[PDB]
Enquirer: 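Quick one: the structure is below, and I'll ask about it shortly.
Every heavy atom of this structure was used, including side-chain atoms; hydrogens, water molecules and symmetry mates were not. Note that ligands are numbered from 1 as they come in the structure, with each ligand's atoms numbered from 1 the same way. We count residues from 1, following the sequence as given.
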Amino acid sequence: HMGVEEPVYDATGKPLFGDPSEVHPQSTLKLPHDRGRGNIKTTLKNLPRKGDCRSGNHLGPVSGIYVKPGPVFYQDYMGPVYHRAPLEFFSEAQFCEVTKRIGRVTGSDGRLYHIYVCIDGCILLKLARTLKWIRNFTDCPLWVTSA
Ligand SMILES: [Zn+2]
C-alpha cells in the first residue's frame with residue numbers, strides 16, 4: 001500500500017512486496033549477508049569498512065553501511081531496507097563543491113552507480129550525470145555495503 005516501484009527487503013533477504021532482484025556483481029553490497037542485531041547510527045567519517053562485521057566496534061555489531069536522506073547513516077539496521085537505489089525518488093543534481101564517495105550501489109534500473117554524500121547533505125549517484133536522492137518516501141535506508 002505504499003504504491004512504490006522498488007521493493008524494500010527484510011533482514012532475511014525477502015522482499016516485503018514485488019519481485020526480488022539481484023544486486024550488481026560489482027556493488028559493494030554482497031548478498032547473502034546477515035544483518036539486524038540492532039539499529040546503530042554512525043557518522044560519515046566513521047562508516048564501517050570491509051571486514052568490520054567480524055568484530056563489530058565500540059557502538060555495537062556491524063553489518064555494513066546504510067544511508068537514507070538527512071543524511072542518516074547506520075552500521076547495522078533491523079527494519080526493511082533497499083538493496084537497490086530507488087531511482088523513482090531521485091532526480092538530476094546540480095553541482096556539488098565537496099563529495100565523499102561511500103560505496104557502489106545497484107540502481108533500480110539494474111545499473112552500477114557510485115554513491116556519494118555531498119557537503120550540502122544530499123545523497124548523490126553517478127554512473128559507473130549526477131542524481132540526488134530527493135524523496136525519503138518510505139523512510140527505509142539503502143544498504144550500501146556489506147562489511
Ligand atoms: Zn561481513
Enquirer: Between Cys118 and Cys96, is the disulfide bond (SG atoms under 2.5 Å apart) condition met? List the steps.
Expert: CA-CA 6 Å; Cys118 181; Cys96 179; 2.0 Å; yes
Enquirer: What protein N/O/S atoms are found closer than 2.8 Å to the Zn ion (ligand 1)?
Expert: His33 NE2, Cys53 SG
Enquirer: Could you list the residues that satisfy side chain to side chain contact (heavy atoms under 4.5 Å, CB included) with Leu59, not counting sequence neighbours?
Expert: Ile40, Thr42, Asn57, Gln75
Enquirer: Passes side chain to side chain contact (heavy atoms under 4.5 Å, CB included), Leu29 versus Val105? Steps please.
Expert: CA-CA 7 Å; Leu29 172 58; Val105 302; over 6 Å; no
Enquirer: Any pair with a residue in residues 9-49 that passes ring-ring contact (aromatic ring centres under 6.0 Å, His included), sequence neighbours left out, goes on the list, sorted by first then second residue, please.
Expert: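 Qualifying pairs, neighbours excluded: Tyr9-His83.
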Enquirer: Assess, by modelled atom type and distance only, whether the side chains of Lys68 and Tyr82 contain a donor and an acceptor separated by less than 3.5 Å.
Expert: no
Enquirer: Between side-chain atoms of residues 86-94 and protein atoms elsewhere (two or more places apart, or another chain), which donor-acceptor pairs fall under 3.5 Å?
Expert:
unit_1 : atom_1 : unit_2 : atom_2 : d
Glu88  : OE1    : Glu5   : N      : 2.9
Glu88  : OE2    : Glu5   : N      : 3.3
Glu88  : OE2    : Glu6   : N      : 3.0
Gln94  : OE1    : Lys132 : NZ     : 3.4
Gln94  : NE2    : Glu92  : O      : 3.3

